[PDB]
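What follows is input-v4.cif (mmCIF, C-alpha atoms).
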data_model
#
loop_
_atom_site.group_PDB
_atom_site.id
_atom_site.type_symbol
_atom_site.label_atom_id
_atom_site.label_comp_id
_atom_site.auth_asym_id
_atom_site.auth_seq_id
_atom_site.Cartn_x
_atom_site.Cartn_y
_atom_site.Cartn_z
ATOM 1 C CA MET K 1 0.000 0.000 0.000
ATOM 2 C CA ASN K 2 2.382 2.687 1.255
ATOM 3 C CA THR K 3 5.945 2.889 2.573
ATOM 4 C CA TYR K 4 6.851 4.252 6.006
ATOM 5 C CA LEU K 5 10.254 5.345 7.309
ATOM 6 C CA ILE K 6 11.441 3.330 10.308
ATOM 7 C CA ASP K 7 14.419 4.111 12.540
ATOM 8 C CA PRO K 8 15.061 2.372 15.887
ATOM 9 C CA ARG K 9 16.219 5.078 18.295
ATOM 10 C CA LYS K 10 16.353 2.908 21.416
ATOM 11 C CA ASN K 11 18.738 0.706 19.430
ATOM 12 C CA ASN K 12 21.398 3.380 19.932
ATOM 13 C CA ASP K 13 23.022 1.948 16.805
ATOM 14 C CA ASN K 14 25.426 4.096 14.783
ATOM 15 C CA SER K 15 23.705 3.209 11.509
ATOM 16 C CA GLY K 16 22.006 6.244 10.001
ATOM 17 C CA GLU K 17 20.728 3.910 7.293
ATOM 18 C CA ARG K 18 17.000 3.756 8.031
ATOM 19 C CA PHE K 19 14.675 1.117 6.581
ATOM 20 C CA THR K 20 11.119 1.497 5.283
ATOM 21 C CA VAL K 21 8.131 -0.751 5.982
ATOM 22 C CA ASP K 22 4.900 -1.420 4.092
ATOM 23 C CA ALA K 23 1.566 -0.265 5.514
ATOM 24 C CA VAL K 24 -1.730 1.483 4.779
ATOM 25 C CA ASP K 25 -1.643 4.046 7.587
ATOM 26 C CA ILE K 26 0.816 5.384 10.162
ATOM 27 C CA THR K 27 -1.226 3.475 12.741
ATOM 28 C CA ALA K 28 -0.465 0.148 11.064
ATOM 29 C CA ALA K 29 3.014 1.130 9.885
ATOM 30 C CA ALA K 30 4.127 1.526 13.500
ATOM 31 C CA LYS K 31 2.774 -1.911 14.409
ATOM 32 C CA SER K 32 4.543 -3.440 11.408
ATOM 33 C CA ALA K 33 7.813 -1.603 12.035
ATOM 34 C CA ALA K 34 8.003 -2.794 15.642
ATOM 35 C CA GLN K 35 7.485 -6.366 14.443
ATOM 36 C CA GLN K 36 10.723 -6.016 12.481
ATOM 37 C CA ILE K 37 12.763 -3.950 14.939
ATOM 38 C CA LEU K 38 11.720 -5.955 17.998
ATOM 39 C CA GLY K 39 11.243 -9.054 15.865
ATOM 40 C CA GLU K 40 8.457 -11.632 15.815
ATOM 41 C CA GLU K 41 8.826 -11.706 19.599
ATOM 42 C CA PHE K 42 6.887 -8.433 19.604
ATOM 43 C CA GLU K 43 3.135 -8.945 19.959
ATOM 44 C CA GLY K 44 2.231 -6.177 22.388
ATOM 45 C CA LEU K 45 0.770 -2.884 21.190
ATOM 46 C CA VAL K 46 1.919 0.409 19.671
ATOM 47 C CA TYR K 47 1.031 3.994 20.575
ATOM 48 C CA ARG K 48 1.798 7.576 19.553
ATOM 49 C CA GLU K 49 5.103 8.839 20.948
ATOM 50 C CA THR K 50 4.320 12.534 20.508
ATOM 51 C CA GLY K 51 1.181 14.434 21.462
ATOM 52 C CA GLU K 52 1.785 18.139 22.031
ATOM 53 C CA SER K 53 2.376 18.332 18.277
ATOM 54 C CA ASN K 54 0.844 16.463 15.339
ATOM 55 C CA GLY K 55 4.349 16.242 13.909
ATOM 56 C CA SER K 56 4.755 12.551 13.115
ATOM 57 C CA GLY K 57 8.024 10.645 12.881
ATOM 58 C CA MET K 58 7.978 9.111 16.354
ATOM 59 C CA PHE K 59 6.091 6.230 17.970
ATOM 60 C CA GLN K 60 6.202 3.958 21.018
ATOM 61 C CA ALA K 61 6.120 0.156 20.999
ATOM 62 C CA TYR K 62 5.413 -1.849 24.152
ATOM 63 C CA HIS K 63 5.070 -5.585 24.780
ATOM 64 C CA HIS K 64 4.746 -7.693 27.932
ATOM 65 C CA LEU K 65 4.993 -11.490 27.956
ATOM 66 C CA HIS K 66 1.786 -12.796 29.534
ATOM 67 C CA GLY K 67 1.069 -16.448 30.258
ATOM 68 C CA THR K 68 4.414 -18.059 31.047
ATOM 69 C CA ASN K 69 5.371 -15.290 33.472
ATOM 70 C CA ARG K 70 8.977 -16.150 32.615
ATOM 71 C CA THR K 71 9.881 -12.454 32.599
ATOM 72 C CA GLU K 72 8.582 -9.071 33.752
ATOM 73 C CA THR K 73 8.245 -7.500 30.304
ATOM 74 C CA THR K 74 9.258 -8.680 26.833
ATOM 75 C CA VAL K 75 10.125 -5.320 25.274
ATOM 76 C CA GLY K 76 9.139 -1.660 25.348
ATOM 77 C CA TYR K 77 10.869 1.281 23.685
ATOM 78 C CA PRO K 78 10.239 4.199 21.290
ATOM 79 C CA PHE K 79 11.033 4.250 17.570
ATOM 80 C CA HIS K 80 10.926 6.805 14.754
ATOM 81 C CA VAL K 81 7.974 6.393 12.389
ATOM 82 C CA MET K 82 6.865 8.682 9.562
ATOM 83 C CA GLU K 83 5.045 8.316 6.242
ATOM 84 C CA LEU K 84 7.371 8.432 3.233
ATOM 85 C CA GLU K 85 7.200 11.383 0.840
ATOM 86 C CA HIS K 86 3.675 11.680 -0.562
ATOM 87 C CA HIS K 87 1.960 13.725 -3.273
#
Take the structure I supplied and represent it as structure tokens, if you would.
Amino acid sequence: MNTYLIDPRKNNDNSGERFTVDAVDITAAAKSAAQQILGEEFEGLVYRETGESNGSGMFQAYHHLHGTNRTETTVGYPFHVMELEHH
């Protein structure tokens, strides 16, 4: 449908090379991006990182392992997310 820019900030990696993910809306793009950044191990939920401003390009992805209680929380960190150049 549409491409969305994805850049893992929490990663703290020194790789400016950002990757893009497929999606229909920023809402879904974020959920799809996290699945790649955090991996298939990510099944929690995503939410908007910013609020005071509509300026997109940032989102939050959280996930807590429920059932096995093997850990306290699977993953949970922010991540850049913005819709590629449009018309």
Original post:
So, counting all atoms listed in the file, which residue among K:68, K:20, K:10, K:15 is closest to residue 85 of chain K?
Top reply: K:20
Original post:
Given the file above and the PyMOL selection byres ((chain K and resi 49) around 9), which residues are selected, and can you give them as a ChimeraX atom specification?
Top reply: /K:47-48,50-51,56-61,78-80
Please, could you write that set of residues out with C-alpha atoms as a PDB file, in the frame of the given file?
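Output file part-v3.pdb is given in full below:
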ATOM      1  CA  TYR K  47       1.031   3.994  20.575  1.00  0.00           C
ATOM      2  CA  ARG K  48       1.798   7.576  19.553  1.00  0.00           C
ATOM      3  CA  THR K  50       4.320  12.534  20.508  1.00  0.00           C
ATOM      4  CA  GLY K  51       1.181  14.434  21.462  1.00  0.00           C
ATOM      5  CA  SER K  56       4.755  12.551  13.115  1.00  0.00           C
ATOM      6  CA  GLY K  57       8.024  10.645  12.881  1.00  0.00           C
ATOM      7  CA  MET K  58       7.978   9.111  16.354  1.00  0.00           C
ATOM      8  CA  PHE K  59       6.091   6.230  17.970  1.00  0.00           C
ATOM      9  CA  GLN K  60       6.202   3.958  21.018  1.00  0.00           C
ATOM     10  CA  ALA K  61       6.120   0.156  20.999  1.00  0.00           C
ATOM     11  CA  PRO K  78      10.239   4.199  21.290  1.00  0.00           C
ATOM     12  CA  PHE K  79      11.033   4.250  17.570  1.00  0.00           C
ATOM     13  CA  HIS K  80      10.926   6.805  14.754  1.00  0.00           C
TER      14      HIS K  80
END
Name the residues that the PyMOL selection byres ((chain K and resi 26-29) around 9) picks from the file above, as a compact mmCIF listing (two decimals) with C-alpha atoms, in the coordinates of the input, using the file's chain letters and numbers.
# COMPACT_ATOMS: atom_id res chain seq x y z
CA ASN K 2 2.38 2.69 1.25
CA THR K 3 5.94 2.89 2.57
CA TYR K 4 6.85 4.25 6.01
CA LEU K 5 10.25 5.34 7.31
CA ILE K 6 11.44 3.33 10.31
CA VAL K 21 8.13 -0.75 5.98
CA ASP K 22 4.90 -1.42 4.09
CA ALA K 23 1.57 -0.26 5.51
CA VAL K 24 -1.73 1.48 4.78
CA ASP K 25 -1.64 4.05 7.59
CA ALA K 30 4.13 1.53 13.50
CA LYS K 31 2.77 -1.91 14.41
CA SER K 32 4.54 -3.44 11.41
CA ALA K 33 7.81 -1.60 12.04
CA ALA K 34 8.00 -2.79 15.64
CA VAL K 46 1.92 0.41 19.67
CA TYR K 47 1.03 3.99 20.58
CA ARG K 48 1.80 7.58 19.55
CA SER K 56 4.76 12.55 13.12
CA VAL K 81 7.97 6.39 12.39
CA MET K 82 6.86 8.68 9.56
CA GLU K 83 5.04 8.32 6.24
**OP:** List, as a count of residues only, every residue that the PyMOL selection byres ((chain K and resi 38-40) around 10) selects in the file provided.
**Re:** 18
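The space separating atom CA of residue 55 of chain K from atom CA of residue 14 of chain K comes to 24.3 Å.
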Original post:
Do you have the atom CA of residue 44 of chain K-atom CA of residue 73 of chain K distance handy?
Top reply: 10.0 Å
Original post:
Between atom CA of residue 66 of chain K and atom CA of residue 7 of chain K, what is the distance, to one decimal in Å?
Top reply: 27.1 Å
